[PDB]
4 protein chains.
Amino acid sequence: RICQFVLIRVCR
Amino acid sequence: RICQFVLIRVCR
Amino acid sequence: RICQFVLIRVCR
Amino acid sequence: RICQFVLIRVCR
């Protein structure tokens, strides 16, 4: 199984 | 006012 | 209205 | 062998 890199930023 | 970061790996 | 920053990388 | 990056903004 292959894993991915999920990154998200939230600044306002 | 928001300002945070969230990242996680998804092993498929 | 409010936009987010979606980032994802896949390398293996 | 995979290797690519993709990021886009989601204006709500």
# chains A, B, ... in the order shown; residues from 1 in each chain; ligands from 1
$ calpha_fit_and_write --fixed "chain B" --moving "chain A" --output "PDB file with C-alpha atoms, in the first residue's frame"
ATOM      1  CA  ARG A   1      -8.661  35.615  12.363  1.00  0.00           C
ATOM      2  CA  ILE A   2      -6.406  32.680  13.237  1.00  0.00           C
ATOM      3  CA  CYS A   3      -5.541  29.893  10.799  1.00  0.00           C
ATOM      4  CA  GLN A   4      -4.675  26.284  11.636  1.00  0.00           C
ATOM      5  CA  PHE A   5      -2.453  23.672   9.988  1.00  0.00           C
ATOM      6  CA  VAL A   6      -4.488  20.717   8.728  1.00  0.00           C
ATOM      7  CA  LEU A   7      -2.369  17.813   7.486  1.00  0.00           C
ATOM      8  CA  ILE A   8      -3.429  14.251   6.681  1.00  0.00           C
ATOM      9  CA  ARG A   9      -1.688  11.343   4.956  1.00  0.00           C
ATOM     10  CA  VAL A  10      -3.282   8.321   3.283  1.00  0.00           C
ATOM     11  CA  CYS A  11      -1.086   5.403   2.222  1.00  0.00           C
ATOM     12  CA  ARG A  12      -2.001   1.712   2.318  1.00  0.00           C
TER      13      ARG A  12
END
$ select_by_dssp --residues "chain C" --states "strand (DSSP E or B)" --output "PyMOL selection string"
chain C and resi 3-11
$ decode --residues "chain B" --atoms "C-alpha atoms" --output "tab-separated table (two decimals), in the first residue's frame"
chain	number	residue	atom	x	y	z
B	1	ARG	CA	-9.74	35.11	12.51
B	2	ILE	CA	-8.32	31.69	11.63
B	3	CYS	CA	-4.73	30.51	11.24
B	4	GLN	CA	-3.82	26.84	11.57
B	5	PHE	CA	-2.30	23.95	9.61
B	6	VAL	CA	-3.48	20.35	9.31
B	7	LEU	CA	-1.67	17.60	7.40
B	8	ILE	CA	-2.01	13.81	7.53
B	9	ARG	CA	-0.82	10.80	5.52
B	10	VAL	CA	-3.26	8.52	3.70
B	11	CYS	CA	-1.95	4.97	3.29
B	12	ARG	CA	-3.96	3.55	0.39
